[PDB]
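A.B. asks:
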Amino acid sequence: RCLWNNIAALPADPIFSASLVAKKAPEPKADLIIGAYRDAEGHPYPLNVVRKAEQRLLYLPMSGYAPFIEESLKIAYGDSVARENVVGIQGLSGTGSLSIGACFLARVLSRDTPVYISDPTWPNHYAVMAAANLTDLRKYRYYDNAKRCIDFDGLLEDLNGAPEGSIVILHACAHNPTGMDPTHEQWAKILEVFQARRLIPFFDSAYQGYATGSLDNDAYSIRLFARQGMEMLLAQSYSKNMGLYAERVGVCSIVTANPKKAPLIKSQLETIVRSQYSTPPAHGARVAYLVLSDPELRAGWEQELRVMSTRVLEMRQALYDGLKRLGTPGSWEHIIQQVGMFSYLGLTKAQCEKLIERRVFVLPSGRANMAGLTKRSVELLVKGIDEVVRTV
Amino acid sequence: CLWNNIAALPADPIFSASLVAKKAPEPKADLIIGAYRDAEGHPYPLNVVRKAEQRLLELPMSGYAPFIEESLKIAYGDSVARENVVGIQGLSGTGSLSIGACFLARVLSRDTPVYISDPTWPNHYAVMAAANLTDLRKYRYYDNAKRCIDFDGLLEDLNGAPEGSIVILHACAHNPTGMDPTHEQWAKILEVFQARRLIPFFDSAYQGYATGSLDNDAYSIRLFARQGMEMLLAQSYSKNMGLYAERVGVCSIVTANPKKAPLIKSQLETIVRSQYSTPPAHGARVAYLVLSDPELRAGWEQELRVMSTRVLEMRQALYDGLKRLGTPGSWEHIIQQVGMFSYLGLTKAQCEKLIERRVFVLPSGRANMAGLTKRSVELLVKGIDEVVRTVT
Ligand SMILES: *Cc1c(COP(=O)(O)O)cnc(C)c1O
Ligand SMILES: *Cc1c(COP(=O)(O)O)cnc(C)c1O
Numbered sequence: 002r003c004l005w006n007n008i009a010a011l012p013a014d015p016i017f018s019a020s021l022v023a024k025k026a027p028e029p030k031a032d033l034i035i036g037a038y039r040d041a042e043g044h045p046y047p048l049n050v051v052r053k054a055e056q057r058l059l067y068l069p070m071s072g073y074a075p076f077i078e079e080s081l082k083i084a085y086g087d088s089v090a091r092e093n094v095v096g097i098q099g100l101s102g103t104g105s106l107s108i109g110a111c112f113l114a115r116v117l118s119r120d121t122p123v124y125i126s127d128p129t130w131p132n133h134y135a136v137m138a139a140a141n142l143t144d145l146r147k148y149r150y151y152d153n154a155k156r157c158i159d160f161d162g163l164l165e166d167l168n169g170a171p172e173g174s175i176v177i178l179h180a181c182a183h184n185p186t187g188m189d190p191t192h193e194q195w196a197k198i199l200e201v202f203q204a205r206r207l208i209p210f211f212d213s214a215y216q217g218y219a220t221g222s223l224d225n226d227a228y229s230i231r232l233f234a235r236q237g238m239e240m241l242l243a244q245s246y247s248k249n250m251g252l253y254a255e256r257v258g259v260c261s262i263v264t265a266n267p268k269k270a271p272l273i274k275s276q277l278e279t280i281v282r283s284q285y286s287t288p289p290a291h292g293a294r295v296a297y298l299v300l301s302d303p304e305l306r307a308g309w310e311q312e313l314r315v316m317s318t319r320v321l322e323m324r325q326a327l328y329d330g331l332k333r334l335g336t337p338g339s340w341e342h343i344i345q346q347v348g349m350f351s352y353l354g355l356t357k358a359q360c361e362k363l364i365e366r367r368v369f370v371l372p373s374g375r376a377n378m379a380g381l382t383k384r385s386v387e388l389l390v391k392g393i394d395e396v397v398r399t400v
Numbered sequence: 003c004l005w006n007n008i009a010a011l012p013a014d015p016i017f018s019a020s021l022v023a024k025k026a027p028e029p030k031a032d033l034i035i036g037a038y039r040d041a042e043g044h045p046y047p048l049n050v051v052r053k054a055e056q057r058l059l060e068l069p070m071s072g073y074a075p076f077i078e079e080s081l082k083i084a085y086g087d088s089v090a091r092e093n094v095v096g097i098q099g100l101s102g103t104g105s106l107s108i109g110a111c112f113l114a115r116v117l118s119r120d121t122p123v124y125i126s127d128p129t130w131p132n133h134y135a136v137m138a139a140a141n142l143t144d145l146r147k148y149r150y151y152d153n154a155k156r157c158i159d160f161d162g163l164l165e166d167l168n169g170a171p172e173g174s175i176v177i178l179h180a181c182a183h184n185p186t187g188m189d190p191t192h193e194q195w196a197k198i199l200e201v202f203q204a205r206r207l208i209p210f211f212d213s214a215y216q217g218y219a220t221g222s223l224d225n226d227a228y229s230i231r232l233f234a235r236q237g238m239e240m241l242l243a244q245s246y247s248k249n250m251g252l253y254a255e256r257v258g259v260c261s262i263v264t265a266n267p268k269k270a271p272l273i274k275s276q277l278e279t280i281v282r283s284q285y286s287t288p289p290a291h292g293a294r295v296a297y298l299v300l301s302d303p304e305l306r307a308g309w310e311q312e313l314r315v316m317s318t319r320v321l322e323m324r325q326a327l328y329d330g331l332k333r334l335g336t337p338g339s340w341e342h343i344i345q346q347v348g349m350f351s352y353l354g355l356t357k358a359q360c361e362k363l364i365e366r367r368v369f370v371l372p373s374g375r376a377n378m379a380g381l382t383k384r385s386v387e388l389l390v391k392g393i394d395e396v397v398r399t400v401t
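In order, the protein sequence lines correspond to chains A and B. Residues 2 to 59, 67 to 400 (PDB author numbering) are what the first sequence spells out, left to right. Residues 3 to 60, 68 to 401 (PDB author numbering) are what the second sequence spells out, left to right.
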């Protein structure tokens, strides 16, 4: 007898292997899997202001460190709704905050509630929903691989098919892995569907401040839905926009249309966090609270974020410029319409396989970490893409 | 309003009371938190951990393999061959427990009955429910009025369990009562497991705390594993190393068929992705140094021995004091109990009256015994003698 005889084969981790290849590859190379950042997830090192806050930092309820929760709600919702319509609790980073929200949705609605997920998405979305036992997982078309844009007609078709009450996982800004976000107009069309079909937004905000370098503008989609009266969930991470991965800083929040339901939501969320931590991680919350609340730290963080987003846009611009100059076949407009640190380069699996023999390392999906590119590496990437497009 | 029928829940039974204890005037005995960091009883790092942190200054998805190996070694020793064990990192005890719960939910069924001791560490229910184990059941464990393990009711409830039921076992230092099965009792418990094909899911948060001997505290884990039975184990280092801030834990699965280990491992790795996007390396490295380095290991073991001796001495002082006063009732449970927490044996009304003498215990008679001192134990002796003789 063996309890586990049916455990079921799973495909192996694509990224981990390929990541080691790029790392333990010679030296004359362009690593766009990990590179300058710390993992293939793209966690950066603590930002300058975060380090200042760590230094300057020299009895919690289960929901966690309330000053941090309040600042986290502020940066996300920005007065789009009244405070009494908002409930927040600490999560262990983005992943923990997603799982809190997913377990909350599973407990208060139903584990059989359909969840729509973008095609493609951040891969561990599936792992989070499965751990919550959200078993009815569906795709909405998102990236159009042929036209190198958001398949917005497909997206709207799939969401217009969503059963009422379906959960939709939404990337707040800097869609991962494509780097391509809806326009404001597209968000308006999306919102109309949510409203007509009474779908449940579940916003994933891991990059507020990365997309445009503007916290407010990056929050457009969250605030559009909240302000127009949508009830919804939000998972916030600070692992990327502050570099606080090790301290596991995040918030899961719920928007209620009825403020009298808020204490009930809060208690339900508090028993859920108990499945995640026995004591709220106070230290990372105190650090983030200080970056958020202190005017001088807050100003320096907003500025470093603005610096990063213009830099990455610059590199994208150089990439596109190099591809136009070489006459590389295809549309390359998507390269300068993308934001955040990941971009879908627009290549086929086969073209990506050949790039990795140039020691230009991207994922086989065409995902490139575009932060960390230098004028030298972007020109290697120009020549590499131009070669594989023409010969593969 | 989606959140209209959210079930009302009871208030946190510790948080408010712990505040009353911390805010009360200085001549007092705080047996809720005291000198420990929080209400769960997480200590500051032991000295060997501090020394490990210092020496450290001189992946894949499952985590830091040498940590996992030493963690399994200390738990299982000679009771099971290495090829029958699969282990992954979890975020402390809670995370490790969640991984195991989600694994069982995934590979067996979410409807699989889960038996949980009455009383238990409260967050067990929240871990199991977040994994969406929906059939949670009590087994009788402690009879508060009799001040002993209700061993006839315990065995009765497990004999009533359906075959394949999951049972959450406290490996040692049962929380919150402090009362563990004897070795003979553990074997009578194992008999029911063996006869009824029950699935042990051990929770080991106090290995080395209970008795100061890592090997002796693993008795029950090793009694069951040396049978060849399949089981799960969640290990925390938050309490016996004081490493809560580093979220160090291990979930292991025992498989009777080594060939299934690769599949088990892949399943676990999918599951940890609901919990963290990159494993908590630093605490694994710290723990690994404590576990494997001859000097640090030996010093860690000495600190554990001293800690357990110290708390036994405080229990013995309390018992001796109540005996000298002739306080009514049986007080043997005081010196039979182990670990940081004790059920002192008081009624709710006796506990309420102790609070007016500023001796703060939970109304469930639970006291953190480990922060007691010669000074404070003498106040507890007199408070207990008082409320026993004068209430109800
Ligand atoms: C990074 C990321 C997460 C998870 O955040 P972590 O903090 O690393 O746990 C979730 N969703 C998306 C879209 C991300 O990019
Ligand atoms: C303390 C405790 C835990 C949780 O471990 P953490 O490291 O704090 O998450 C789990 N189970 C039991 C029985 C405990 O006493």
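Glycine included, each C-beta is placed from N, C-alpha and C at the ideal position.
Using alpha carbons as the reference points, say which of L167(A), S174(A), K155(A), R231(A) lies closest to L113(A).
C.D. replies: Checking every option, the nearest Cα to that of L113(A) belongs to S174(A).
A.B. asks: Return yes when at least one heavy atom of ligand 1 lies under 6 Å from the C-beta of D212(A), else no.
C.D. replies: Under cutoff, so the answer is yes.
A.B. asks: State yes or no: is the C-beta of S247(A) nearer than 6 Å to some heavy atom of ligand 1?
C.D. replies: Yes - ligand 1 has a heavy atom lying nearer than 6 Å to the Cβ of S247(A).
A.B. asks: Could you confirm whether any beta carbon from chain A is found closer than 7 Å to the beta carbon of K269(B)?
C.D. replies: Chain A, which has a Cβ nearer than 7 Å to the Cβ of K269(B), makes this yes.
A.B. asks: Kindly list the residues whose CB is nearer than 7 Å to the CB of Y285(B), restricted to its own chain and excluding five residues on each side of it in sequence; keep chain order.
C.D. replies: Contacts found: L100.
A.B. asks: Can you give, in chain order, each stretch of the alpha helix (DSSP H) that sits fully within the segment 167-208 of chain B and has at least 4 residues?
C.D. replies: Within the segment 167-208 of chain B, the complete alpha helix (DSSP H) runs of at least 4 residues are 192-205.
A.B. asks: Relative to chain A, which residues along the segment 12-28 of chain B have a C-beta separation below 9 Å, given in chain order?
C.D. replies: Against chain A - using a Cβ distance shorter than 9 Å - the residues of the segment 12-28 of chain B are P12, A13, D14, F17, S20, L21, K24.
A.B. asks: Check for me: the beta strand (DSSP E) holding residue 65(A) runs from which residue to which?
C.D. replies: This model leaves out residue 65(A); its place in chain A lies between 59 and 67, and no residues are given there.
A.B. asks: Select from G392(A), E42(A), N225(A) the residue whose C-alpha is nearest the C-alpha of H192(A).
C.D. replies: When each option's Cα is compared against that of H192(A), the closest is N225(A).
A.B. asks: If the cut is a Cβ gap below 8 Å, which residues of chain A does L272(B) touch?
C.D. replies: Result: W5, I8, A9, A10, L11.
A.B. asks: Could you give the DSSP three-state label for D120(B): helix, strand or coil?
C.D. replies: In this structure, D120(B) counts as coil in the three-state DSSP scheme.
A.B. asks: Is the CB of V136(B) under 7 Å away from at least one CB in chain A?
C.D. replies: For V136(B), the answer is yes, since a Cβ of chain A falls inside 7 Å of its Cβ.
A.B. asks: Quick one: grab the DSSP three-state call for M240(A).
C.D. replies: It is a strand residue.
A.B. asks: What is the DSSP secondary structure of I125(B), counted as helix, strand or coil?
C.D. replies: DSSP places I125(B) in strand when its eight states are reduced to three.
A.B. asks: Name the chain A residues that come within less than 7 Å of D40(B), Cβ to Cβ?
C.D. replies: Those within 7 Å of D40(B) in chain A are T287.
A.B. asks: According to DSSP, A31(A) sits in a beta bridge with which residue or residues?
C.D. replies: According to DSSP, which records beta bridges pairwise, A31(A) is partnered with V368(A).
A.B. asks: Taking the C-alpha atoms as reference points, what is the distance between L363(A) and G36(A)?
C.D. replies: Roughly 16 Å separates the two Cα atoms.
A.B. asks: Report back the beta-carbon spacing between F211(B) and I230(B) to the nearest angstrom; my notes put them in contact at under 8 Å.
C.D. replies: Correct: roughly 5 Å between the Cβ atoms.
A.B. asks: By DSSP, does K268(B) sit in helix, in strand, or in coil?
C.D. replies: Correct three-state label for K268(B): helix.
A.B. asks: So which residues of chain A does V123(B) contact, with C-beta pairs closer than 8 Å?
C.D. replies: Near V123(B) there are no residues of chain A at all, since even the closest Cβ is about 13 Å away, more than 8 Å.
A.B. asks: Does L371(B) pass the burial test, meaning 16 or more other C-beta atoms within 10 Å, or should it be called exposed?
C.D. replies: Result: buried.
A.B. asks: Check whether the segment 181-198 of chain A touches the segment 341-359 of chain A, counting contact only when three or more Cβ pairs, one atom from each stretch, lie closer than 8 Å.
C.D. replies: Touching, yes, given that three or more Cβ pairs across the two stretches are closer than 8 Å.
A.B. asks: Rounded to the nearest angstrom, how far is the Cβ of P122(B) from that of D144(B), given a contact under 8 Å?
C.D. replies: With a Cβ gap of about 5 Å, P122(B) and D144(B) count as contacting.
A.B. asks: Which residues, taken in chain order from the segment 282-312 of chain A, show a beta carbon closer than 7 Å to some beta carbon of chain B?
C.D. replies: Those residues of the segment 282-312 of chain A that come within reach of chain B (Cβ to Cβ, closer than 7 Å) are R282, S283, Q284, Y285, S286, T287, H291.
A.B. asks: Quick check on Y46(A): buried or exposed, where buried means 16 or more other Cβ atoms within 10 Å of its Cβ?
C.D. replies: Label assigned to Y46(A): exposed.
A.B. asks: Does at least one heavy atom of ligand 2 sit under 6 Å from the Cβ of residue 66(B)?
C.D. replies: Because chain B is numbered from 60 directly to 68, the model contains no atoms for residue 66(B).
A.B. asks: Would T186(B) pass as an interface residue toward chain A - the criterion being a Cβ-Cβ separation below 7 Å?
C.D. replies: Judged by the 7 Å Cβ criterion, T186(B) is not in contact with chain A.
A.B. asks: Would you list the residues sitting across from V94(B) in a DSSP beta bridge?
C.D. replies: Answer is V263(B), bridged to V94(B).
A.B. asks: Using only the heavy atoms of ligand 1, determine whether one of them is closer than 6 Å to the beta carbon of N6(B).
C.D. replies: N6(B): no, Cβ never under 6 Å from ligand 1.
A.B. asks: Keeping to the same chain, check which residues put their C-beta closer than 7 Å to that of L58(B); ignore five residues upstream and five downstream.
C.D. replies: The residues are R294, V295, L298.
A.B. asks: Please classify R91(A): is it buried, with 16 or more other beta-carbons within 10 angstroms of its beta-carbon, or exposed?
C.D. replies: Classification of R91(A): exposed, given that the 10 Å Cβ count is below 16.
A.B. asks: List the endpoints of the continuous alpha helix (DSSP H) containing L58(A).
C.D. replies: First-last for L58(A): undefined, no H or E at that position.
A.B. asks: Which first and last residues belong to the alpha helix (DSSP H) in which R333(A) is found?
C.D. replies: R333(A) -> alpha helix (DSSP H) spans 303-333.
A.B. asks: Pair every Cβ in the segment 233-246 of chain B with every Cβ in the segment 316-324 of chain B, then say whether three or more of these pairs are closer than 8 Å.
C.D. replies: Cβ pair count under 8 Å is below three, so no.
A.B. asks: Please confirm if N377(A) has its CB atom under 7 Å from at least one CB of chain B.
C.D. replies: No, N377(A) does not count as interfacial toward chain B.
A.B. asks: By Cβ distance, which residues of its chain are closer than 6 Å to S71(B), with the 5 residues on each side in sequence left out?
C.D. replies: Only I97, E278 meet the Cβ criterion.
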